[PDB]
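# Sequence, then structure. It's an experimental one.
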Amino acid sequence: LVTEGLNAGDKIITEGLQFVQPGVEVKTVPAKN
Amino acid sequence: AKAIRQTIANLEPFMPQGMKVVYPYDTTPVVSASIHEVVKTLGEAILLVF
């Protein structure tokens, strides 16, 4: 659960955390799990 | 010193956002300019004696 920091309808990342770094434009895909 | 520059160039993109590496003090231009003064005064010496 989160109490503050996220909002409704945002998009957080589950798959592909070794490939990313905050501040780069990147392709999105909805993950399975 | 050039290997330290390339090591920081390797470790640079994985730092958190807003962190940049700066080089305030350095003695590499002192040694480089001194040995360049020596090479150019040796060139002036050999050409002027010529």
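Ah, there it is. Residues are numbered from 1 along each chain as shown, chains lettered A, B, ... in the order given.

# Touching, residue B:13 and residue A:22? I think so.
No. Between residue B:13 and residue A:22 there is no contact under Cβ atoms under 8 Å: 11.7 Å. Using the backbone N, CA and C atoms, a C-beta is placed for each residue, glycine as well.

# who's in contact with the residue in chain B that chain A sits nearest to?
Closest contact between chain B and chain A, by Cβ to the nearest Cβ, is at residue B:17 (5.2 Å). Taking Cβ atoms under 8 Å, 6 or more residues apart in numbering or on different chains, we find residue B:17 in contact with A:22-23.

# ok, so what distance separates it from residue A:21?
According to Cβ to Cβ, to the nearest Å, residue B:17 and residue A:21 sit 8 Å apart.

# same thing with residue A:30?
On the measure of Cβ to Cβ, residue A:30 and residue A:21 end up 21 Å apart.

# Please identify which of the two sits among more neighbours.
residue A:21 (13 against 7; other Cβ atoms under 10 Å in any protein chain shown).

# does that one sit in a helix, a strand or a coil?
coil (DSSP: H, G, I helix; E, B strand; the rest coil).

# Against chain B, how distant is it?
From residue A:21 across to chain B, the span is 7 Å (Cβ to the nearest Cβ, to the nearest Å).

# Pull the contacting residues for residue B:22.
Counted by Cβ under 8 Å, 6+ apart, residue B:22 has zero contacts.

# Pull the distance from the helix ranked longest in chain B to the chain's centre.
Ranked by number of residues, the top helix in chain B under DSSP state H is helix B:28-49. In this view, helix B:28-49 has its centroid 16 Å away from the chain centroid, taken as Cα atoms, centre = their mean, to the nearest Å.
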